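Residue indices begin at 1 and follow the sequence shown. Both ligands and their constituent atoms are indexed starting at 1 by order of listing.
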Amino acid sequence: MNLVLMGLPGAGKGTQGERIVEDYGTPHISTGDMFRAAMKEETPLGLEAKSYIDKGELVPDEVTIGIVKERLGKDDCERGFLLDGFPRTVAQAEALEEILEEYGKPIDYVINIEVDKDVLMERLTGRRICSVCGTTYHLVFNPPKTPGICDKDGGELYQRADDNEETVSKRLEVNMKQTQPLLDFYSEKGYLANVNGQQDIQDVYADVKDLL
Ligand SMILES: Nc1ncnc2c1ncn2[C@@H]1O[C@H](COP(=O)(O)OP(=O)(O)OP(=O)(O)OP(=O)(O)OP(=O)(O)OC[C@H]2O[C@@H](n3cnc4c(N)ncnc43)[C@H](O)[C@@H]2O)[C@@H](O)[C@H]1O
Ligand SMILES: [Ca+2]
Ligand SMILES: [Ca+2]
Ligand SMILES: [Mg+2]
Ligand SMILES: [Zn+2]
C-alpha cells in the first residue's frame, strides 16, 4: 500500500500511522520526524529547516520535496509506504504525483483524519513524545503506563519545541489555509477517504483499518 496521511496539526497522524505500520509494515515516512532528526544531528539541512519549524511555518517546498524524493527512492519503500504530513501544499502534491510515476508506485489512498480545529490546541500542549522512538502520549488522552517514560523502551518523554500555544496557533493558521486546496486536489484524483478523528484512538483506528 502506498498511503498518505493528512490532517491538521495534532489530528492524530502519528498515532494512527503507528498502528498502520504495526499491522502492515509499510515504512512510516514523516517529514516532521525527518526534519527533527536533521535538527537533532545539526546537519546543514536541519539548521535551514529549524528557522521555519520553530515558527510553525512550512519549510520551503523545494527542499521538502527533495528529501521525500530521496527517501522514497530508498530500498525499504518497495513493499509500500505510509507518508505522513507530506504533501501539505498542492505544489507538494503535484510533485508527489510526478515522483510516484517516476518510482512506479501510484497512491492507493489519501486518508484525511478530520478533527475540529478547536480541540487541537489541547491535544498539542498536552502531548508528550518519546525521546527514543518518537511515539506520542498525552497526559490525559493517552497516558504512559509509567509517568515520564515510554511504554516501549523507557525513553524520557518530553514536550516538542513547537507544541507551545504561540507556535501551535501559527501552525494551525498556516495549515488550515492549505487544507481545502489539498482535499480538492485529492478528491478530484479519487484517492481521498475521510475518517472521523474525534473518537477514541482504537475507534479511529478501526475506521482506518476498514478503508485499507
Ligand atoms: N510537507 C511539509 N512541508 C513543509 N513543512 C513541513 C512538512 N512536514 C513537516 N513540516 C515542518 O515540520 C513541522 C512539524 O511537522 P509535523 O511533525 O508533521 O507536525 P503536524 O503535521 O503538526 O502533526 P503533529 O506531528 O504535531 O500531529 P499528529 O497529527 O501526528 O498527531 P499525534 O498522533 O502526535 O497526536 C497529537 C496528540 O493527540 C493525541 N491523540 C491522538 N489521537 C487522539 C484521539 N483520537 N483522541 C485524543 N487524543 C489523541 C496524541 O496522544 C498526541 O498527544 C511543520 O510545522 C513544518 O514546520
Ligand atoms: Ca552532526
Ligand atoms: Ca470548531
Ligand atoms: Mg506526527
Ligand atoms: Zn519510545
Side-chain angles (χ1 to χ4, degrees), residues 4-19 28-47 49-68 83-89 91-93 95-96 112-116 119-144 149-163 167-168 170-176 178-179 182 195-208:
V4 170
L5 297 177
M6 80 180 272
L8 286 174
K13 295 191 298 275
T15 293
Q16 294 306 312
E18 189 157 30
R19 296 163 162 257
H28 190 171
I29 304 158
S30 172
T31 38
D33 291 354
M34 283 170 87
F35 292 126
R36 291 184 295 278
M39 293 159 56
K40 173 165 192 186
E41 290 129 45
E42 295 201 286
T43 69
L45 192 140
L47 315 191
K50 180 188 209 314
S51 158
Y52 296 89
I53 291 172
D54 288 352
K55 290 184 193 55
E57 298 284 1
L58 298 183
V59 184
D61 280 346
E62 169 174 322
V63 72
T64 303
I65 294 166
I67 72 161
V68 173
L83 257 168
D84 168 348
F86 179 95
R88 62 214 300 162
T89 71
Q92 291 176 8
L96 187 54
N112 189 57
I113 307 158
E114 196 190 313
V115 179
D116 203 6
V119 315
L120 297 175
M121 174 74 68
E122 171 64 36
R123 282 184 186 202
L124 294 169
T125 61
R127 167 161 70 170
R128 298 291 182 273
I129 302 129
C130 174
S131 59
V132 178
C133 75
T135 196
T136 64
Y137 298 83
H138 194 284
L139 304 158
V140 186
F141 309 136
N142 180 33
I149 67 186
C150 183
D151 292 358
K152 303 297 181 174
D153 59 44
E156 179 157 32
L157 305 181
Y158 72 101
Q159 196 182 50
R160 235 169 68 177
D162 60 353
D163 283 346
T167 314
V168 168
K170 185 68 163 169
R171 289 162 59 191
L172 289 172
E173 178 196 311
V174 165
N175 285 276
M176 281 172 66
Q178 300 294 339
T179 295
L182 189 57
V195 172
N196 173 18
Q198 281 172 275
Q199 317 175 60
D200 202 15
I201 288 163
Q202 295 85 3
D203 290 334
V204 174
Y205 186 62
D207 291 341
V208 175

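Checked by distance only, ligand 1 and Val59 come closer than 3.5 Å through their nitrogen or oxygen atoms. Taking only nitrogen or oxygen atoms, main chain and side chain alike, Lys13 reaches within less than 3.5 Å of ligand 1. At under 3.5 Å, a nitrogen or oxygen of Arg171, whether backbone or side chain, sits near a nitrogen or oxygen of ligand 1. Between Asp163 and ligand 1, not a single N/O pair is under 3.5 Å apart. Not one N or O of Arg128 is nearer than 3.5 Å to an N or O of ligand 1, by distance alone. For the pair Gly126 and ligand 1, the shortest N or O to N or O distance does not fall below 3.5 Å.
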- Step by step, work out the side chain to side chain contact (heavy atoms under 4.5 Å, CB included) result for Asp54 and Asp162. CA-CA 6 Å; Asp54 288 352; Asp162 60 353; over 6 Å; no
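Among protein heavy atoms, the minimum distance from atom 6 (C) of ligand 1 is reached at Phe35 CE1, 3.7 Å. For atom 41 (C) of ligand 1, the closest non-hydrogen atom on the protein side is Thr15 OG1, 3.3 Å.
Around the CD atom of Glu62, the shell of radius 6.0 Å holds no more than 12 heavy atoms that belong to other residues, nucleotides or ligands. Dense packing is recorded around CZ of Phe141, with more than 12 heavy atoms of other residues, nucleotides or ligands lying under 6.0 Å away.
The angle that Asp153 OD2 and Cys133 SG make at the Zn ion (ligand 5), rounded to 10°, works out to 100°. To the nearest 10 degrees, the Zn ion (ligand 5) sees SG of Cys150 and SG of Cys130 at an angle of 100°.
For atom 56 (C) of ligand 1, the nearest protein heavy atom lies under 4.0 Å away.
Here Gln16 contributes atom CD and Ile201 contributes atom CD1; the two are 7.5 Å apart, rounded to the nearest 0.5 Å.
Which parts of ligand 1 touch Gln199 is read off a 4.0 Å heavy-atom cut-off, strictly below it: atoms 44 (C), 45 (N), 46 (N).
Shortest distance from the Ca ion (ligand 2) to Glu41 is reached at O (N/O/S atoms only).
Contact check for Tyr158 versus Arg128: no side-chain heavy atoms found under the 4.5 Å cut-off.
When heavy-atom distances to ligand 1 are checked against a 4.0 Å cut-off, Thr64 comes that close only through its side chain, counted from C-beta outward. Of all the heavy atoms of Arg127, the ones lying under 4.0 Å from any atom of ligand 1 are found in both the backbone and the side chain.
Using a distance-only test at 3.5 Å, with no hydrogens or angles considered, no donor-acceptor pair links the side chain of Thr43 to the main chain of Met39.
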